[PDB]
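For what it's worth, our numbering labels the leading residue of the first sequence as 178, then goes sequentially. The beta carbon of each residue, even a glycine, is placed where N, CA and C say it ideally should be. This report concerns only the one structure given below.
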Amino acid sequence: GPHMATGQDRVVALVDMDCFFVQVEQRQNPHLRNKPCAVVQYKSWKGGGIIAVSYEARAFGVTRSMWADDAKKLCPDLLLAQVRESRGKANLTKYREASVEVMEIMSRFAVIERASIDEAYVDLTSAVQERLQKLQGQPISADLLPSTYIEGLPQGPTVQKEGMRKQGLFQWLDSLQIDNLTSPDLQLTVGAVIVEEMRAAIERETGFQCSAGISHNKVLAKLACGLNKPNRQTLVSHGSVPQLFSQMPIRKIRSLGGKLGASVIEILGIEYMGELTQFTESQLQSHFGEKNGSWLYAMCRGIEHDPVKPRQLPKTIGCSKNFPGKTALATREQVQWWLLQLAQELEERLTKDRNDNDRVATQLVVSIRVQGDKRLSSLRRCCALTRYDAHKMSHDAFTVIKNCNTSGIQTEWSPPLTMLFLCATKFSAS
DNA sequence: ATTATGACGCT
DNA sequence: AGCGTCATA
Ligand SMILES: [Mn+2]
Ligand SMILES: [Mn+2]
Ligand SMILES: [Mn+2]
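The following block contains the structure:
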């Protein structure tokens with residue numbers, strides 16, 4: 178009754194850029210705008226690997242992870258932009274810099290948690306209390322929410338899509354009680370008004386469009402964001418959760434897309450998020466561990482407490498390259514040449530980071546993969562990072578991996594290396 | 001031969 | 001510490 182936590186204490190948003198690397202390339206090259214377009218890395222192997230796809234191109238069935246040669250079969254007029262290559266490798270700097278543009282705009286509104294290169298969470302609880310106080314029990318007009326969907330509406334007693342959005346919004350606003358500054362539905366709505374403003378600013382100041390979700394926690398905000406992409410935002414209320422979850426595949430919720438989610442489905446013999454409500458907290462804990470079980474017990478009821486971390490900057494800076502198939506590194510000087518290439522990119526990015534962000538990395542992580550290993554990393558070793566020097570860093574990396582070579586003679590490397598990875602970590606203020 | 005990342009959890 | 005899981009362009 179009066180003591181049941183409902184997890185409606187916060188207003189959290191997730192803002193996620195639409196087809197982000199594609200938009201970055203479309204801004205730069207107007208010829209790619211409003212076309213089936215994709216971003217590709219490399220070219221030689223089957224036309225290159227697609228890592229971002231415009232919504233026009235998705236209509237033809239083009240997806241991420243597709244080889245460009247295969248995508249061309251679905252969509253002959255597909256336009257392509259290539260990821261930059263520097264020092265023999267893909268270099269993602271243009272996209273990291275475009276990300277910073279967006280993160281700095283979002284930070285004007287609230288402390289953000291950078292969750293990826295193209296998305297951040299915002300805790301808008303405080304900002305909502307402020308906007309409510311100036312509102313002065315003013316109703317919220319539909320015109321203040323021009324791109325917002327209310328999940329689950331319209332419902333009950335027009336065949337166009339924008340018509341449907343407006344009808345749902347009208348029902349939502351009609352039902353609102355703007356008289357109560359502590360009403361969670363009202364707070365979400367004011368949250369959505371602020372996110373319209375945030376999104377307008379992003380687009381005005383960068384040219385990039387984005388989508389967003391507004392809810393009471395990060396997981397619901399993330400899920401909400403995806404419901405009406407592209408270029409729209411979606412409000413998922415506490416009350417909308419039972420219907421939403423009653424047909425929502427478990428794998429759709431963040432963190433459940435892998436082995437754990439598969440095990441929830443297998444062990445409990447269920448399919449949808451809402452079916453989880455029929456288990457006790459102890460029952461879920463028994464199968465999935467203390468932390469996961471409690472998290473599942475609350476999550477299936479729309480409740481989650483994971484805070485929005487105040488972290489706008491990535492806490493690691495890394496450089497990685499695969500050496501597939503026959504390109505696997507089989508000689509010493511090969512290994513040393515590529516460690517230098519990686520190390521030089523790292524030094525470049527590290528030095529820029531120190532200047533911009535007043536910090537220094539203190540640990541260097543070196544990872545490799547060896548042929549045969551299904552695993553993604555075969556081996557990970559750390560050493561001190563005391564100087565931003567590429568030659569020192571590459572020499573040190575070699576030192577930590579020197580012994581992995583199984584060949585008797587030292588000139589050859591075996592078994593051949595199919596991946597090198599250098600990561601700077603453990604930052605301290607400077 | 002999707003690749004290049006980046007965060008968090010376990011022991 | 002090193003490994004594993006999950007995620008995101
Ligand atoms: Mn995106
Ligand atoms: Mn994203
Ligand atoms: Mn995506």
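Item, Value
"Would you mind sorting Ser388 into buried or exposed? The rule is 16 or more other CB atoms within 10 Å of its CB.", "buried"
"For a minimum of 4 consecutive residues, which ranges assigned as the alpha helix (DSSP H) are wholly contained in the segment 372–448?", "395–403, 418–423 and 436–445"
"Cutting at 6 angstroms between CB atoms, please list the residues of its own chain near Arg342, excluding the five before and the five after it.", "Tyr326"
"Going by DSSP, name the residue or residues bridged to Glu589.", "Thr508"
"Just to confirm the assignment: which complete alpha helix (DSSP H) runs, minimum length 4, are found wholly within the segment 487–543?", "509–534"
"Cutting at 6 angstroms between CB atoms, please list the residues of its own chain near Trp349, excluding the five before and the five after it.", "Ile327 and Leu330"
"Determine the direct distance from the alpha carbon of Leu437 to that of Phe465, and round the result to whole angstroms.", "8 angstroms"
"Tell me whether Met283, by its Cβ, gets closer than 7 angstroms to a heavy atom of ligand 1.", "no"
"Could you give the C-beta distance for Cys402 and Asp195, rounded to a whole number, given that I count them as a contact under 8 angstroms?", "Not confirmed; about 10 angstroms, so no contact."
"Starting from the C-beta of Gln489, find all residues in its chain whose C-beta is less than 7 angstroms away, skip the five residues before and the five after it, and write them out in chain order.", "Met280, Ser284, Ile289 and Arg291"
"From which residue to which residue does the beta strand (DSSP E) around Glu328 run?", "Element bounds for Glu328: n/a, residue is neither H nor E."
"Just checking my contact of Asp550 with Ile494 at CB under 8 angstroms: how many whole Å lie between their CB atoms?", "Actually they do not touch by this definition, with Cβ atoms about 25 angstroms apart."
"For a test of your reading of the model: does the CB of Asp195 fall under 7 angstroms from any non-hydrogen atom of ligand 1? Yes or no.", "yes"
"Output yes or no for whether 8 angstroms exceeds the beta carbon distance between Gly226 and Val239.", "no"
"Whole angstroms is fine: what's the gap from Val277's alpha carbon to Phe604's?", "19 angstroms"
"Taking the beta strand (DSSP E) that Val230 belongs to, which residues open and close that run?", "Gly226 to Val230"
"With contact counted as at least three CB pairs below 8 angstroms, one residue from each stretch, are the segment 352–365 and the segment 395–415 in contact?", "yes"
"In the segment 221–302, which residue ranges form an unbroken alpha helix (DSSP H) of at least 4 residues, counting only runs that do not cross its ends?", "232–235, 245–251 and 270–283"
"Can you round the beta-carbon distance between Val305 and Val188 to whole angstroms, since I take them to be within the 8 angstroms contact cut?", "5 angstroms"
"To the nearest angstrom, how far is the alpha carbon of residue 146 from that of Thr508?", "Outside the shown range of the chain, which is 178 to 607, sits residue 146, and nothing can be said about it."
"In angstroms with no decimal places, state the Cα-to-Cα distance between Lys486 and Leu191.", "13 angstroms"
"By alpha-carbon positions, which one of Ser263, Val418, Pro213 and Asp295 ends up nearest to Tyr219?", "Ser263"
"Decide if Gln185 is buried, meaning its Cβ has at least 16 other Cβ atoms within 10 Å, or exposed.", "buried"
"Looking at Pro213 and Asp254, is the spacing between their C-beta atoms short of 8 angstroms?", "yes"
"Which stretch, first to last residue, makes up the alpha helix (DSSP H) that contains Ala475?", "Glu467 to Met476"
"Taking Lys429 as the reference, which of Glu458, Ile444 and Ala398 has the closest Cα?", "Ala398"
"Is it right to say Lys468 is buried, meaning 16 or more other beta carbons lie within 10 angstroms of its own, or is it exposed?", "exposed"
"What are the boundary residues of the beta strand (DSSP E) that includes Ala215?", "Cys214 to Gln218"
"Along the beta strand (DSSP E) that carries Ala182, what are the first and last residues, could you check?", "Element bounds for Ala182: n/a, residue is neither H nor E."
"Quick check: what's the CA-CA separation for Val299 versus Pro592?", "47 angstroms"
"How about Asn408 and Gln424: are their beta carbons less than 8 angstroms apart?", "no"
"For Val260, which residues of its own chain have a beta-carbon under 6 angstroms away from its beta-carbon, when the five flanking residues on both sides are left out?", "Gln218 and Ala267"
"Quick one: Cα of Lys338 to Cα of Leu519, how far?", "49 angstroms"
"What residue range does the beta strand (DSSP E) around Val201 cover?", "Run containing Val201: none in the beta strand (DSSP E); it sits in the alpha helix (DSSP H), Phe197 to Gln205."
"Taking 7 angstroms as the cut-off, is the CB of residue 611 close to at least one heavy atom of ligand 1?", "No statement about residue 611 is possible, as the shown extent of the chain runs from 178 to 607 and does not include it."
"Our contact map puts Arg552 next to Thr595 with C-beta atoms below 8 angstroms; I'd like the distance itself, whole angstroms only.", "So it is not a contact: roughly 11 angstroms between Cβ atoms."
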